[PDB]
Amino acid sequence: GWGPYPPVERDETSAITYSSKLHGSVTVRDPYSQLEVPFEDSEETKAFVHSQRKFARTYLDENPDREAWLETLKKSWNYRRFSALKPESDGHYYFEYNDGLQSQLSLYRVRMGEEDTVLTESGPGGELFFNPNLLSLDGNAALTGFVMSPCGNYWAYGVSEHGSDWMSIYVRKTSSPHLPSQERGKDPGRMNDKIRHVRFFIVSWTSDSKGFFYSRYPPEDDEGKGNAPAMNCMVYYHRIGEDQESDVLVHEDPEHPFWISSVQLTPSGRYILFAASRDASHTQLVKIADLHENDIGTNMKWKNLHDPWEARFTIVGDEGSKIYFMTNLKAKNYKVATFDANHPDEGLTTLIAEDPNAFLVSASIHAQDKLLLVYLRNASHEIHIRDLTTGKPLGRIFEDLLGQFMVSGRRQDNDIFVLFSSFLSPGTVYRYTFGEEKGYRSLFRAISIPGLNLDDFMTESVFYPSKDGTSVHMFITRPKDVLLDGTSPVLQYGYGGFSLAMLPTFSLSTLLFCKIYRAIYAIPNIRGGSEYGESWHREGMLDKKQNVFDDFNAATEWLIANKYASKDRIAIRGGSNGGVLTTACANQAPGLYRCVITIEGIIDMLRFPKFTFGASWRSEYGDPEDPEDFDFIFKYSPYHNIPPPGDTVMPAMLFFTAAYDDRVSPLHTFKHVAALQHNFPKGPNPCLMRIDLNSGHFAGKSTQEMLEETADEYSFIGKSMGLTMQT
């Protein structure tokens, strides 16, 4: 007797006709099309959001395990967190720090040579440089990025107010840190520079430290609460001390408003790379200019790097006229190649060949002539050292560590700081010093979590057959003392797309779920990701997207068949592209799943191109307005494939979405929740929408909101699957 669902107005006439290769045309009905109108523009959308919000709150709050979860999460989340040390041109190391339950990581610094005094029981040490929590009253304003002037006197930084893809760029002196005395709701100590209407932090200082390049868009009233396509990306140069109105236009392309464009300077500041993107594929239109020839503006001598739309190019470094690129040019797994700007017609020369069995994730220069490569092989990271001059192998480092690495250190430094993490390791900072034949490794600092004994857990590697017989890898994290007797709950997380690998990643909350509910945490490395190189992505996109859903369903069947999980206690979870996975799998195999968690899900696979950044995803999903693509998209589009109610028991489903979410428009969740509640008015399992009116994502917003969302998710799974919380 948790019902009834709040009513939702239907438009029974609303339909769009799509061209179809098989059927000539298909008229598709959308009775909830009015919920495409943003919250702030429609009283109907407002009434839907408020009624669904209130309904979900009432259901979630009637479970006593919700408060129990909130308390469990507050205790366990209260641990000291930090990044590796990042060396900067002002002669300081910078590091992120959280004392425990602050919304945003704070930026601390220490004089190079004094770093052995930081991150102790006494506290972070060094000096507090920047506290993003001070920027807002709610802790929802976040640092989107930062870059120091080459001179080391200035610091350019991005702030997004409500966690949307809108930010302003500020500048402050490196002599002007945030003082501890200062209170919330202000950014004291900044210079007057304010760069508005930015949607991504790609910022390059000129070597004269007089100004920086940036990308911006036309102004927008509904600041991240609109859902119009993101259009008319422009490159500008800002001179320090000038109003944004004086900024010089570097590039615009009015013919192609859907293109995204940015510039990047080589570390020397001599060469500028222009890159335009027309979709989510790893392909660019690229141009190089030599800043020793040009004054900044629309009068720069742009040179051809390579034919457009064949490859992506990222700067690794430069040596005079030679530029080092990480590129996928005739190499889908990426490689390192050099360009001589003095011989453009010779094109690119291979320095490090493509590895046919490993995705090259990053390439960086250290100790003058050591090339550090991070490879993704078999769904985890490997570090290889190469000679910059010859490309000759100089050996592996951190081979004994299975997980992922974040590498800090510049070409002029003999040292790197490497943050290692996995499903079981929250964060170990190693220091590595390059030598002639071998280096020196030391453990600098390790994150400890008082609230949880990590030795109680194990991560295994299994391989399971998908529907088509493809062998898929899965990671299984679990408590060592849990019996595989077919009674355990599972939390099964998937994404499957955009060459994004699900690599070993530390999540405290997930391990608390495993301990408290005696549960298994399953990460199937399904197609669409880069776990087995770029071909793994190709086998899970466009007309092969169904492979992703089949891989995920087969993972669940395997866990049940091999007694890892109860048939009655499978919870699946996914976000963004992961939401196509959760909603498709719920439609295609509702009987496998007891609980489905969808975070900012993409669900309407016909209408996705019409909103914010959606048109770029046509490279991944296909173009719904193309007759050939329409047929394979329409087969799985979860919004259009909700099972007929008479012979399906739909799982319990909880949808998270945000008001400022301009990445995936909330309308996806709005319409699907409306449709599910309409199809299954009597459940028996509830379909709920949990909305945050004050963020545009679910990480790097207020700790209060994050705790409540997690307490809602875990308490909802507990209720839906009939679980008891263990001490």
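Note that residue numbering begins at 1 and tracks the sequence as displayed.
Relative to one another, 440-448 and 339-347 have unequal mean CA B-factors, and 339-347 is the one with the higher figure.
Mean CA temperature factor is higher for 98-106 when stretches 98-106 and 405-413 are set side by side in the entry. Taking only the listed residues 216, 292, 594, 635, the entry reports the highest CA temperature factor at 292. Reading the B-factor column for the CA atoms of 152, 479, 145, 646 in the entry, the top value corresponds to 479. Sort the chain's modelled residues by C-alpha temperature factor and residue 505 lands in the lowest third, per the entry. Annotation for residue 679: CA B-factor lies in the middle third of the chain's modelled residues. Ranked against the other modelled residues of its chain, the C-alpha B-factor of residue 671 as given in the entry falls in the lowest third. Residue 706 sits in the middle third of its chain by CA B factor, as recorded in the PDB entry. Placement of the Cα temperature factor of residue 36 within the chain: lowest third of the modelled residues, per the deposited record.
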